[PDB]
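Chemist: Dumping the structure here so I can ask a few things about it.
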Amino acid sequence: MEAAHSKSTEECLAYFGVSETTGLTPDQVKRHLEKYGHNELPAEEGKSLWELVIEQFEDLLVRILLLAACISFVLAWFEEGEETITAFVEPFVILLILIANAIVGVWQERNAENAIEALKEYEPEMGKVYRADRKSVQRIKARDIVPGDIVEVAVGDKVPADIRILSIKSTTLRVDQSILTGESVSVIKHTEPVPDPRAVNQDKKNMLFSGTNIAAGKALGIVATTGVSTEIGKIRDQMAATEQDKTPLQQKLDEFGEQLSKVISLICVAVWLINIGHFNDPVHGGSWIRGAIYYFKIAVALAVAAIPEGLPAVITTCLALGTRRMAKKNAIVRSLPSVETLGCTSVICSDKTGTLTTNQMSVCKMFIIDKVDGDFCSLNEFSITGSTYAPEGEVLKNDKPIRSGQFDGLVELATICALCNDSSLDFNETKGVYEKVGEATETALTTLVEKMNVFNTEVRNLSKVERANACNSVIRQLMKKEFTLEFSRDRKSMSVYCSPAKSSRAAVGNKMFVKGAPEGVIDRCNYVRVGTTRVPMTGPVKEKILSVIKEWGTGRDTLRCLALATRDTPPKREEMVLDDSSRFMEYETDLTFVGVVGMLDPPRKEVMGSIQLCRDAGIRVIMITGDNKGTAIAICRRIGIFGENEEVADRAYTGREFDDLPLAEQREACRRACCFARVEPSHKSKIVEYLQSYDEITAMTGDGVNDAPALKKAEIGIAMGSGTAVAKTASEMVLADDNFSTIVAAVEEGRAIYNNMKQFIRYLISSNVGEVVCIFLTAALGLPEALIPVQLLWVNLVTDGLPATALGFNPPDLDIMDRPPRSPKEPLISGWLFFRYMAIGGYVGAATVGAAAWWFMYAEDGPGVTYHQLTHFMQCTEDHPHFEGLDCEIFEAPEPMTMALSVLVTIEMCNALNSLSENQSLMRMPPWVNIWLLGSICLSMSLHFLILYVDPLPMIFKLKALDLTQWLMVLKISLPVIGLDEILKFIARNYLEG
Ligand SMILES: C/C=C(/C)C(=O)O[C@H]1C(C)=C2[C@H]([C@@H]1OC(=O)CCCCCCC)[C@@](C)(OC(C)=O)C[C@H](OC(=O)CCC)[C@@]1(O)[C@H]2OC(=O)[C@@]1(C)O
Ligand SMILES: CC(=O)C1=C(O)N2[C@@H](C1=O)[C@@H]1c3c[nH]c4cccc(c34)C[C@@H]1C2(C)C
């Protein structure tokens, strides 16, 4: 295991004492394999076994409803009254709901694809090595590859480990490093040491990274690291070391879970404490085990009254219909709970290229030297029209079309852009528009050369297929490109060594053609081209050039600029060695500046507006970009991250500037920063940590395994649809169209969805408060059992379950994106809303109890004993207050219960309407604003008749409440809940909140 791309090929061999020709000996292999382990990432042990479910049952509010399932089964055996076989469905239904909420609850197929898993895809099964025990090329399990052993790689091979290149057997080695970046265009390798101990992967020109694959050639190298110690394995570990917090809702539901369990077993002691009657009253009779069955009866009644069963199903359905909706709008949300955290997003860090912009480069402006007289110099400047890749548009001067070949320097400008170029252009016959073949910046030039028709080639008589590369071809006819010196970040340029195709125009020797970032290229220009003449570089000249470059890059029209120059008399062909990449810069020396091109990658049509939408939503937007700081700040102005003229010093940092900052100062930079330029390997991940340190819900965009730890880390990882397999799985959302506005649009959707959830979560539990407050009263201060569990199970699944789902379809609030993001710790119910629900639960608690008790005092048709005082006695062993009459069964009658259910169903219908809004009256924000709710109100009441009339069903429940006088009291006991809430709903006029 070496730490060196920075060492000579000798040094690495000597490190492990291997011979390049023999490789590692069988003993070395053994020694090494023990020191370093196998070439593999650890196995993941959280697999698909039933552990899923036994966990699902491990929860409190599941265990509590399971203990009450066992109690229900023991009770469904010992029976009196009519000894009917139908009451066996009672302990059977809970078990079914405990299964249905488990199966659907344990839906970790959405989480079956975890990002660390996806990382095995890039370790191959096979690798080839040159051990000492065979002179041949043993092809072994990649697993058994050790650091120090001499490896072989050829075209098509996935690189088996992090390898220090030793010898390139083919004329050139190209590797595809997309898994890292996403940046398809393959890179050239070399053998020379990269002497900076802290070189980033991009710049490790002599290394092959495990999991990467070879595009062209054959090379022999020495394995340096394996297992978790390769680049890819280091990314694995960071991902393993980050743990996900639970979504702020999931957290509340657990907190509500715990606090419910507390209230449940705080009533059980109160019931016992209120029942110091049985402990002193019933002298004898064997009621010690016959009366302890009564507490077990109210137990299962207390549980189901509190547990808001089916809420799982409601929230799950609501979210599932959220995912479908978001997809139509190009936001693919991998994980269901995400649609909530999405709603809370307070910061978006977005890559510029292809997300904030279109990634469609076109050259707009270009200049060359006009005249250089002493200390004054003028330039010739030109615009170019049309932003597409079509060779369709014009060069113009002073806003008027001109002919580029009339300018000697434009000729050479075009020569360089066509020769110093690895791309080209292709007319897609099928779609009917042209196409880049390669890097976009490079194609922008090809298109340019196509528009400047310097040699005046006839084009209007040409096929739209030939047309594509017509003029470039003419320039290739003119100069034979021998070799080419690749780009490198170290010198920020690229040249091309060219010879004259023996046409004999400018037949004065070979020529290198240099194009690169303006600073470096210009610094290596001793000369300036002026038409065809050449004059020494001077301060005034260099000032003029740089002055305009600065204008174009930082001005309103934001142009990335390339300087182009040529080496008039390049070093001898033989005297150059093309293998020495650090030697490339000195070959590009004694240049003659020729011209500059300024190209644009336009801000996507919708960003300007979307960013404004974020301003209003109180969402920070942070641009991460490869632009130089100057242009970063400019582009930011252009798209409205910064005011057209505002102060921005401390607000935008280069990656280097960030690095110079002490930790604390770095942290403080992130709570303010809106633009990061030329950010490094670590940075995204650091940016996310700091943002989180200020309690910010963070959206972060990225691609590649490079960006996976950041996407894991961020509350919202965001991959591009065109992105790698791994970035995709690491993300919490995929953007199908790569557009920025899809994030912003997905945020609005999440705020919309959550708002209704708040309402339907609150409504559904609001019912349970009532049920408990009811069941308590019908146990302690009174005995006449008002509601039985079975009824409540059907109430909490269907009668409330439909309006609950309908609230899921509530009409989106009108000002969502004009209020700031929701606090994650903001509780759904406290303050005034607690007392509000504390009263509604209480009211209904006294309504269903009151309508069960009213059955005694008033009821005309059917049993009606005025002031019967069922609170007095329930056992019926005496029958002395009742002198002579067979009556002791009206106690467990299927009629006074049908009163309560009819009330409960009806109040929840009003409380469903009540729950359309939080604050606005139903006369301000009407019940007819939600057509699906009315549709549910109808269906809810309709199915209530069904289980009351069609006989099989009113057997497990009760008997029909025929009378209209009986249904009149139902409405007269239930409908005033609208009135109570309404008073409280708008007491907020006084309570100065809204
Ligand atoms: C299911 C029915 C009930 C009555 C249950 O106790 O819910 C309580 C409870 C656990 C909470 C309360 C209920 O508190 C009470 O009702 C007081 C007890 C009075 C009962 C009468 C005595 C016999 C919720 C339901 O209702 C009221 C009346 O305000 C609101 C909210 O719950 C939520 O917001 C859930 C969101 C995930 C929680 O106070 C919550 O505990 C929390 O941690 C919270 C903050 O969440
Ligand atoms: C409010 C609240 O926290 C909860 C809920 O409201 N539900 C779920 C739950 O925990 C429980 C649910 C999740 N997973 C399973 C598996 C099996 C059975 C259940 C569940 C029922 C639980 C219920 C209904 C209490």
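Ligands are numbered from 1 in the order shown, residues from 1 within each chain, and chains are lettered A, B, ... in the order they appear in the structure tokens.
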Which residues are near stretch 481-487 of chain A? Cut-off 6 Å, only C-alpha atoms, ignore same chain within fewer than 2 positions. Put them as a ChimeraX atom specification.

Modeler: /A:493-498

Chemist: Output N, CA, C and O atoms of each residue in that selection to a file, as a PDB file, in the first residue's frame.

Modeler:
```
ATOM      1  N   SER A 493      -3.363  24.659 -20.882  1.00  0.00           N
ATOM      2  CA  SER A 493      -3.403  24.830 -22.310  1.00  0.00           C
ATOM      3  C   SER A 493      -3.203  23.516 -23.018  1.00  0.00           C
ATOM      4  O   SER A 493      -2.929  22.496 -22.399  1.00  0.00           O
ATOM      5  N   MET A 494      -3.334  23.555 -24.331  1.00  0.00           N
ATOM      6  CA  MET A 494      -3.124  22.389 -25.138  1.00  0.00           C
ATOM      7  C   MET A 494      -2.599  22.864 -26.469  1.00  0.00           C
ATOM      8  O   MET A 494      -3.066  23.864 -26.988  1.00  0.00           O
ATOM      9  N   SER A 495      -1.613  22.150 -26.999  1.00  0.00           N
ATOM     10  CA  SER A 495      -1.056  22.468 -28.289  1.00  0.00           C
ATOM     11  C   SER A 495      -1.153  21.275 -29.219  1.00  0.00           C
ATOM     12  O   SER A 495      -1.640  20.203 -28.833  1.00  0.00           O
ATOM     13  N   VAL A 496      -0.664  21.484 -30.442  1.00  0.00           N
ATOM     14  CA  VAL A 496      -0.835  20.561 -31.547  1.00  0.00           C
ATOM     15  C   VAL A 496       0.318  20.837 -32.515  1.00  0.00           C
ATOM     16  O   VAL A 496       0.565  21.983 -32.862  1.00  0.00           O
ATOM     17  N   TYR A 497       1.060  19.802 -32.898  1.00  0.00           N
ATOM     18  CA  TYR A 497       2.232  19.979 -33.748  1.00  0.00           C
ATOM     19  C   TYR A 497       1.833  19.620 -35.158  1.00  0.00           C
ATOM     20  O   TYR A 497       1.368  18.502 -35.420  1.00  0.00           O
ATOM     21  N   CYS A 498       2.012  20.591 -36.050  1.00  0.00           N
ATOM     22  CA  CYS A 498       1.471  20.528 -37.391  1.00  0.00           C
ATOM     23  C   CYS A 498       2.522  20.809 -38.435  1.00  0.00           C
ATOM     24  O   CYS A 498       3.442  21.615 -38.233  1.00  0.00           O
TER      25      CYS A 498
END
```

Chemist: List the spatial neighbours of residue A:439 as a ChimeraX atom specification - criterion: any atom at most 7 Å away, only C-alpha atoms, same-chain residues fewer than 4 positions off excluded.

Modeler: /A:185,423,443

Chemist: Under the rule that only C-alpha atoms and all ligand atoms are counted, which of A:408, A:606, A:255, A:149 is the nearest residue to ligand 1?

Modeler: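 For ligand 1, the nearest of the given residues is A:255.
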
Chemist: Rank A:584, A:754, A:455, A:957 by their smallest atom-to-atom distance to residue A:944, using only C-alpha atoms, and report the top residue only.

Modeler: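 Ranking A:584, A:754, A:455, A:957 by distance to residue A:944, first place goes to A:957.
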
Chemist: Could you build a table of the residues in chain A lying no more than 10 Å from ligand 2, giving for each the nearest pair of atoms and their separation in Å rounded to one decimal place, using only C-alpha atoms and all ligand atoms, ordered by chain and ascending residue number, as JSON lines?

Modeler:
```
{"residue": "A:53", "atom": "CA", "partner": "ligand 2", "partner_atom_place_in_ligand_line": "16 (C)", "distance": 7.9}
{"residue": "A:54", "atom": "CA", "partner": "ligand 2", "partner_atom_place_in_ligand_line": "16 (C)", "distance": 9.4}
{"residue": "A:55", "atom": "CA", "partner": "ligand 2", "partner_atom_place_in_ligand_line": "16 (C)", "distance": 8.9}
{"residue": "A:56", "atom": "CA", "partner": "ligand 2", "partner_atom_place_in_ligand_line": "16 (C)", "distance": 5.1}
{"residue": "A:57", "atom": "CA", "partner": "ligand 2", "partner_atom_place_in_ligand_line": "16 (C)", "distance": 5.6}
{"residue": "A:58", "atom": "CA", "partner": "ligand 2", "partner_atom_place_in_ligand_line": "16 (C)", "distance": 8.6}
{"residue": "A:59", "atom": "CA", "partner": "ligand 2", "partner_atom_place_in_ligand_line": "10 (O)", "distance": 6.5}
{"residue": "A:60", "atom": "CA", "partner": "ligand 2", "partner_atom_place_in_ligand_line": "10 (O)", "distance": 7.1}
{"residue": "A:61", "atom": "CA", "partner": "ligand 2", "partner_atom_place_in_ligand_line": "25 (C)", "distance": 4.6}
{"residue": "A:62", "atom": "CA", "partner": "ligand 2", "partner_atom_place_in_ligand_line": "22 (C)", "distance": 4.7}
{"residue": "A:63", "atom": "CA", "partner": "ligand 2", "partner_atom_place_in_ligand_line": "18 (C)", "distance": 8.2}
{"residue": "A:64", "atom": "CA", "partner": "ligand 2", "partner_atom_place_in_ligand_line": "25 (C)", "distance": 8.4}
{"residue": "A:65", "atom": "CA", "partner": "ligand 2", "partner_atom_place_in_ligand_line": "25 (C)", "distance": 7.1}
{"residue": "A:66", "atom": "CA", "partner": "ligand 2", "partner_atom_place_in_ligand_line": "18 (C)", "distance": 8.3}
{"residue": "A:94", "atom": "CA", "partner": "ligand 2", "partner_atom_place_in_ligand_line": "18 (C)", "distance": 9.1}
{"residue": "A:95", "atom": "CA", "partner": "ligand 2", "partner_atom_place_in_ligand_line": "18 (C)", "distance": 8.8}
{"residue": "A:96", "atom": "CA", "partner": "ligand 2", "partner_atom_place_in_ligand_line": "18 (C)", "distance": 9.2}
{"residue": "A:97", "atom": "CA", "partner": "ligand 2", "partner_atom_place_in_ligand_line": "18 (C)", "distance": 6.6}
{"residue": "A:98", "atom": "CA", "partner": "ligand 2", "partner_atom_place_in_ligand_line": "18 (C)", "distance": 4.0}
{"residue": "A:99", "atom": "CA", "partner": "ligand 2", "partner_atom_place_in_ligand_line": "17 (C)", "distance": 6.0}
{"residue": "A:100", "atom": "CA", "partner": "ligand 2", "partner_atom_place_in_ligand_line": "17 (C)", "distance": 7.1}
{"residue": "A:101", "atom": "CA", "partner": "ligand 2", "partner_atom_place_in_ligand_line": "17 (C)", "distance": 4.5}
{"residue": "A:102", "atom": "CA", "partner": "ligand 2", "partner_atom_place_in_ligand_line": "16 (C)", "distance": 3.6}
{"residue": "A:103", "atom": "CA", "partner": "ligand 2", "partner_atom_place_in_ligand_line": "16 (C)", "distance": 7.4}
{"residue": "A:104", "atom": "CA", "partner": "ligand 2", "partner_atom_place_in_ligand_line": "14 (N)", "distance": 8.1}
{"residue": "A:105", "atom": "CA", "partner": "ligand 2", "partner_atom_place_in_ligand_line": "14 (N)", "distance": 5.0}
{"residue": "A:106", "atom": "CA", "partner": "ligand 2", "partner_atom_place_in_ligand_line": "14 (N)", "distance": 7.3}
{"residue": "A:250", "atom": "CA", "partner": "ligand 2", "partner_atom_place_in_ligand_line": "3 (O)", "distance": 8.1}
{"residue": "A:251", "atom": "CA", "partner": "ligand 2", "partner_atom_place_in_ligand_line": "3 (O)", "distance": 9.0}
{"residue": "A:252", "atom": "CA", "partner": "ligand 2", "partner_atom_place_in_ligand_line": "3 (O)", "distance": 8.0}
{"residue": "A:253", "atom": "CA", "partner": "ligand 2", "partner_atom_place_in_ligand_line": "3 (O)", "distance": 4.3}
{"residue": "A:254", "atom": "CA", "partner": "ligand 2", "partner_atom_place_in_ligand_line": "3 (O)", "distance": 5.1}
{"residue": "A:255", "atom": "CA", "partner": "ligand 2", "partner_atom_place_in_ligand_line": "3 (O)", "distance": 7.6}
{"residue": "A:256", "atom": "CA", "partner": "ligand 2", "partner_atom_place_in_ligand_line": "3 (O)", "distance": 6.0}
{"residue": "A:257", "atom": "CA", "partner": "ligand 2", "partner_atom_place_in_ligand_line": "3 (O)", "distance": 4.3}
{"residue": "A:258", "atom": "CA", "partner": "ligand 2", "partner_atom_place_in_ligand_line": "3 (O)", "distance": 8.0}
{"residue": "A:259", "atom": "CA", "partner": "ligand 2", "partner_atom_place_in_ligand_line": "3 (O)", "distance": 9.7}
{"residue": "A:260", "atom": "CA", "partner": "ligand 2", "partner_atom_place_in_ligand_line": "1 (C)", "distance": 8.3}
{"residue": "A:261", "atom": "CA", "partner": "ligand 2", "partner_atom_place_in_ligand_line": "3 (O)", "distance": 10.0}
{"residue": "A:303", "atom": "CA", "partner": "ligand 2", "partner_atom_place_in_ligand_line": "25 (C)", "distance": 9.4}
{"residue": "A:304", "atom": "CA", "partner": "ligand 2", "partner_atom_place_in_ligand_line": "25 (C)", "distance": 8.9}
{"residue": "A:306", "atom": "CA", "partner": "ligand 2", "partner_atom_place_in_ligand_line": "25 (C)", "distance": 8.6}
{"residue": "A:307", "atom": "CA", "partner": "ligand 2", "partner_atom_place_in_ligand_line": "25 (C)", "distance": 5.0}
{"residue": "A:308", "atom": "CA", "partner": "ligand 2", "partner_atom_place_in_ligand_line": "6 (O)", "distance": 4.7}
{"residue": "A:309", "atom": "CA", "partner": "ligand 2", "partner_atom_place_in_ligand_line": "24 (C)", "distance": 3.5}
{"residue": "A:310", "atom": "CA", "partner": "ligand 2", "partner_atom_place_in_ligand_line": "24 (C)", "distance": 5.8}
{"residue": "A:311", "atom": "CA", "partner": "ligand 2", "partner_atom_place_in_ligand_line": "6 (O)", "distance": 5.6}
{"residue": "A:312", "atom": "CA", "partner": "ligand 2", "partner_atom_place_in_ligand_line": "7 (N)", "distance": 5.6}
{"residue": "A:313", "atom": "CA", "partner": "ligand 2", "partner_atom_place_in_ligand_line": "24 (C)", "distance": 8.8}
{"residue": "A:761", "atom": "CA", "partner": "ligand 2", "partner_atom_place_in_ligand_line": "1 (C)", "distance": 9.3}
{"residue": "A:764", "atom": "CA", "partner": "ligand 2", "partner_atom_place_in_ligand_line": "6 (O)", "distance": 9.7}
{"residue": "A:765", "atom": "CA", "partner": "ligand 2", "partner_atom_place_in_ligand_line": "1 (C)", "distance": 8.7}
{"residue": "A:796", "atom": "CA", "partner": "ligand 2", "partner_atom_place_in_ligand_line": "24 (C)", "distance": 9.7}
{"residue": "A:797", "atom": "CA", "partner": "ligand 2", "partner_atom_place_in_ligand_line": "24 (C)", "distance": 10.0}
```

Chemist: Do you know which residues are at most 9 Å from stretch 724-732 of chain A counting only C-alpha atoms, after dropping those on the same chain fewer than 3 positions away, and could you put them as a ChimeraX atom specification?

Modeler: /A:113-116,118-119,178-182,332-335,338,700-712,714-721

Chemist: Identify, on the basis of only C-alpha atoms, every residue whose closest approach to stretch 851-854 of chain A does not exceed 8 Å; exclude the query and any residue fewer than 2 positions from it along the same chain; express the result as a PyMOL selection string.

Modeler: chain A and resi 784+786+847-849+856-859+896-897+899-900+903+970+973

Chemist: Taking the chain letters and numbering used in this document, name the residues of stretch 56-253 of chain A that DSSP puts in strand (DSSP E), as a tab-separated table (two decimals) with N, CA, C and O atoms, in the first residue's frame.

Modeler:
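What ended up in selection35.tsv:
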```
chain	number	residue	atom	x	y	z
A	126	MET	N	-12.22	-10.29	-12.20
A	126	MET	CA	-11.00	-10.82	-12.78
A	126	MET	C	-9.92	-9.76	-12.94
A	126	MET	O	-10.22	-8.60	-13.21
A	127	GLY	N	-8.66	-10.16	-12.79
A	127	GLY	CA	-7.53	-9.30	-13.09
A	127	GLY	C	-6.37	-10.13	-13.57
A	127	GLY	O	-6.30	-11.32	-13.26
A	128	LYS	N	-5.47	-9.54	-14.34
A	128	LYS	CA	-4.29	-10.29	-14.82
A	128	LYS	C	-2.99	-9.79	-14.21
A	128	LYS	O	-2.78	-8.59	-14.09
A	129	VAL	N	-2.14	-10.72	-13.81
A	129	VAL	CA	-0.93	-10.42	-13.04
A	129	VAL	C	0.29	-11.18	-13.59
A	129	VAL	O	0.13	-12.14	-14.35
A	139	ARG	N	-4.25	-15.01	-14.98
A	139	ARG	CA	-5.47	-14.23	-14.92
A	139	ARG	C	-6.28	-14.62	-13.68
A	139	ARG	O	-7.08	-15.54	-13.73
A	140	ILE	N	-6.08	-13.90	-12.58
A	140	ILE	CA	-6.66	-14.32	-11.29
A	140	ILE	C	-7.88	-13.52	-10.84
A	140	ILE	O	-8.19	-12.46	-11.37
A	141	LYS	N	-8.57	-14.05	-9.83
A	141	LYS	CA	-9.64	-13.32	-9.16
A	141	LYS	C	-9.12	-11.97	-8.66
A	141	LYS	O	-8.20	-11.93	-7.83
A	150	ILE	N	2.58	-6.84	-9.92
A	150	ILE	CA	2.58	-6.35	-11.27
A	150	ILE	C	1.35	-6.79	-12.07
A	150	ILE	O	1.11	-7.98	-12.28
A	151	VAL	N	0.57	-5.79	-12.47
A	151	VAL	CA	-0.72	-5.97	-13.14
A	151	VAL	C	-0.66	-5.59	-14.60
A	151	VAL	O	0.19	-4.79	-15.01
A	152	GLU	N	-1.59	-6.15	-15.37
A	152	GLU	CA	-1.70	-5.84	-16.77
A	152	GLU	C	-3.12	-5.45	-17.10
A	152	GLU	O	-4.09	-6.02	-16.57
A	153	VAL	N	-3.24	-4.45	-17.96
A	153	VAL	CA	-4.52	-3.92	-18.35
A	153	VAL	C	-4.46	-3.63	-19.84
A	153	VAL	O	-3.42	-3.18	-20.36
A	154	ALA	N	-5.57	-3.90	-20.53
A	154	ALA	CA	-5.70	-3.58	-21.94
A	154	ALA	C	-7.10	-3.05	-22.23
A	154	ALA	O	-7.99	-3.16	-21.36
A	162	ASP	N	-6.06	0.32	-7.52
A	162	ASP	CA	-5.32	1.55	-7.79
A	162	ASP	C	-3.89	1.21	-8.14
A	162	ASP	O	-3.13	0.69	-7.31
A	163	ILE	N	-3.52	1.53	-9.38
A	163	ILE	CA	-2.27	1.04	-9.95
A	163	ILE	C	-1.43	2.20	-10.42
A	163	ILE	O	-1.96	3.11	-11.06
A	164	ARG	N	-0.15	2.15	-10.08
A	164	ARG	CA	0.87	3.06	-10.55
A	164	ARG	C	1.40	2.55	-11.89
A	164	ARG	O	1.98	1.46	-11.97
A	165	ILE	N	1.21	3.33	-12.95
A	165	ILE	CA	1.57	2.88	-14.28
A	165	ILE	C	3.08	2.77	-14.30
A	165	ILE	O	3.74	3.55	-13.60
A	166	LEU	N	3.60	1.77	-15.01
A	166	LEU	CA	5.04	1.50	-15.08
A	166	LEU	C	5.50	1.58	-16.52
A	166	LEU	O	6.57	2.14	-16.81
A	167	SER	N	4.72	1.01	-17.42
A	167	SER	CA	5.13	0.93	-18.81
A	167	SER	C	3.91	0.87	-19.70
A	167	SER	O	3.02	0.05	-19.49
A	168	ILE	N	3.87	1.76	-20.69
A	168	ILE	CA	2.78	1.75	-21.66
A	168	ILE	C	3.28	1.03	-22.90
A	168	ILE	O	4.19	1.49	-23.59
A	174	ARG	N	-5.38	5.46	-22.93
A	174	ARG	CA	-6.57	6.26	-22.61
A	174	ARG	C	-7.46	5.52	-21.65
A	174	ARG	O	-7.78	4.35	-21.88
A	175	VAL	N	-7.87	6.19	-20.58
A	175	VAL	CA	-8.82	5.59	-19.64
A	175	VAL	C	-10.10	6.42	-19.48
A	175	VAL	O	-10.08	7.66	-19.50
A	176	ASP	N	-11.21	5.71	-19.32
A	176	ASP	CA	-12.51	6.32	-19.09
A	176	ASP	C	-12.76	6.39	-17.58
A	176	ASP	O	-12.94	5.37	-16.90
A	187	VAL	N	-9.27	10.19	-20.70
A	187	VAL	CA	-8.02	10.90	-20.38
A	187	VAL	C	-6.75	10.14	-20.76
A	187	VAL	O	-6.73	8.91	-20.86
A	188	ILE	N	-5.68	10.89	-20.99
A	188	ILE	CA	-4.41	10.28	-21.39
A	188	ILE	C	-3.55	10.06	-20.15
A	188	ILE	O	-3.55	10.90	-19.23
A	207	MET	N	-1.57	7.25	-12.79
A	207	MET	CA	-2.25	6.28	-11.95
A	207	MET	C	-3.49	5.75	-12.64
A	207	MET	O	-4.09	6.48	-13.43
A	208	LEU	N	-3.89	4.52	-12.31
A	208	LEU	CA	-5.15	3.94	-12.78
A	208	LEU	C	-6.02	3.61	-11.58
A	208	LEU	O	-5.60	2.92	-10.67
A	213	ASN	N	-12.26	2.12	-16.36
A	213	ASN	CA	-11.93	1.19	-17.46
A	213	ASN	C	-11.13	1.82	-18.57
A	213	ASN	O	-11.23	3.01	-18.82
A	214	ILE	N	-10.32	1.00	-19.25
A	214	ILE	CA	-9.43	1.48	-20.32
A	214	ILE	C	-10.14	1.67	-21.66
A	214	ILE	O	-10.79	0.76	-22.18
A	215	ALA	N	-9.99	2.86	-22.23
A	215	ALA	CA	-10.60	3.18	-23.51
A	215	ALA	C	-9.68	2.76	-24.65
A	215	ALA	O	-10.16	2.22	-25.63
A	216	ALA	N	-8.38	2.98	-24.51
A	216	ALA	CA	-7.42	2.65	-25.58
A	216	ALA	C	-6.04	2.26	-25.06
A	216	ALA	O	-5.49	2.93	-24.19
A	218	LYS	N	-2.60	-0.52	-24.02
A	218	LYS	CA	-2.15	-1.58	-23.13
A	218	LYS	C	-1.07	-0.97	-22.25
A	218	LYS	O	-0.21	-0.22	-22.73
A	219	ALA	N	-1.12	-1.29	-20.95
A	219	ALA	CA	-0.09	-0.85	-20.02
A	219	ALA	C	0.17	-1.86	-18.90
A	219	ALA	O	-0.71	-2.61	-18.49
A	220	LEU	N	1.41	-1.86	-18.41
A	220	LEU	CA	1.80	-2.64	-17.26
A	220	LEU	C	2.10	-1.69	-16.11
A	220	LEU	O	2.79	-0.69	-16.28
A	221	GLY	N	1.57	-2.00	-14.94
A	221	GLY	CA	1.80	-1.16	-13.77
A	221	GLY	C	2.01	-1.98	-12.51
A	221	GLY	O	1.99	-3.22	-12.55
A	222	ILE	N	2.21	-1.29	-11.39
A	222	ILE	CA	2.36	-1.97	-10.12
A	222	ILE	C	1.24	-1.55	-9.18
A	222	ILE	O	1.07	-0.36	-8.92
A	223	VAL	N	0.48	-2.53	-8.68
A	223	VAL	CA	-0.61	-2.23	-7.77
A	223	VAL	C	-0.10	-1.49	-6.53
A	223	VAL	O	0.85	-1.93	-5.90
A	224	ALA	N	-0.73	-0.36	-6.20
A	224	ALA	CA	-0.31	0.46	-5.07
A	224	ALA	C	-1.28	0.30	-3.91
A	224	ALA	O	-0.85	0.15	-2.76
A	225	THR	N	-2.59	0.33	-4.18
A	225	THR	CA	-3.56	0.08	-3.11
A	225	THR	C	-4.72	-0.77	-3.59
A	225	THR	O	-4.99	-0.86	-4.78
```

Chemist: Could you please determine the separation between atom CA of residue A:676 and atom CA of residue A:183 in Å, to one decimal place?

Modeler: 19.8 Å

Chemist: Using only C-alpha atoms and all ligand atoms, which of A:723, A:863, A:618, A:248 sits nearest ligand 1?

Modeler: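 Closest to ligand 1, using only C-alpha atoms and all ligand atoms: A:248.
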
Chemist: Nearest to residue A:368 among A:529, A:476, A:524, A:567, with distances taken over only C-alpha atoms: which residue is it?

Modeler: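 Closest residue, counting only C-alpha atoms: A:529.
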